[PDB]
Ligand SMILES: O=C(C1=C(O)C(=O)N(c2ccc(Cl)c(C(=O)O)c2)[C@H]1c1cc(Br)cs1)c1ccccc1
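Just the one chain here, the form deposited without the named molecule, laid out as C-alpha cells.
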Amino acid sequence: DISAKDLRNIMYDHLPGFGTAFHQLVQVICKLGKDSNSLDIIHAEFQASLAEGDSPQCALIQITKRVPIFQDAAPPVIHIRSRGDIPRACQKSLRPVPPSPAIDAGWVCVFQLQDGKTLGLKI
C-alpha cells in the first residue's frame, strides 16, 4: 500500500521549485488522505489527471475538488515560531485568514505563530 511519504515524494517529483504553496498542499493532501485511508484514491486521481494532460498543479487542485474528504474541509493549522520559518516561495501567498476558509477554495493551511498571529496560505 502506498504510504503518505511515498505519495508526497511522487507528487514533489512533478513540481517545479521548492517550498512553494503547491509543496505545502502536497503535505496537506497526504496528511488528510492518510487520516481518512484515502491515499489510494488520491494517488489514482493524481496519476489520472497527469495522464489526461493536466499540469501537476492542476492535478493537485483537482484532488481538492474531486476527492470527497476535501469537501468544505477547513485548512489544517500549522504551528510555527515566526513568519520567517515559512519557506521563501510561500511568503507572497500568505494572506489574512478569511471567514470560513476551505481547502477546496484554495486555502491550503493556516500558520499560527508563537505570538498568536495567523496567516492563511492561498492558491
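Numbers follow the displayed sequence, beginning with 1.
The form solved in complex with the named molecule exists for this protein as well; it is not shown, and the discussion that follows is about that form.
In the deposited complex, no heavy atom of residue 123 sits within 4.5 Å of the named molecule. Contact check for residue 98: every heavy atom lies farther than 4.5 Å from the named molecule in the deposited complex.
Shown alone here, residue 92 lies farther than 4.5 Å from the named molecule in the deposited complex, counting heavy atoms only. In the deposited complex, the named molecule lies farther than 4.5 Å from every heavy atom of residue 65. Checking 57, 36, 27, 49 for any heavy atom within 4.5 Å of the named molecule in the deposited complex turns up a single hit: 27.
Site residues 32, 76 and 85 are all in contact with the named molecule in the deposited complex, judged by any heavy atom within 4.5 Å.
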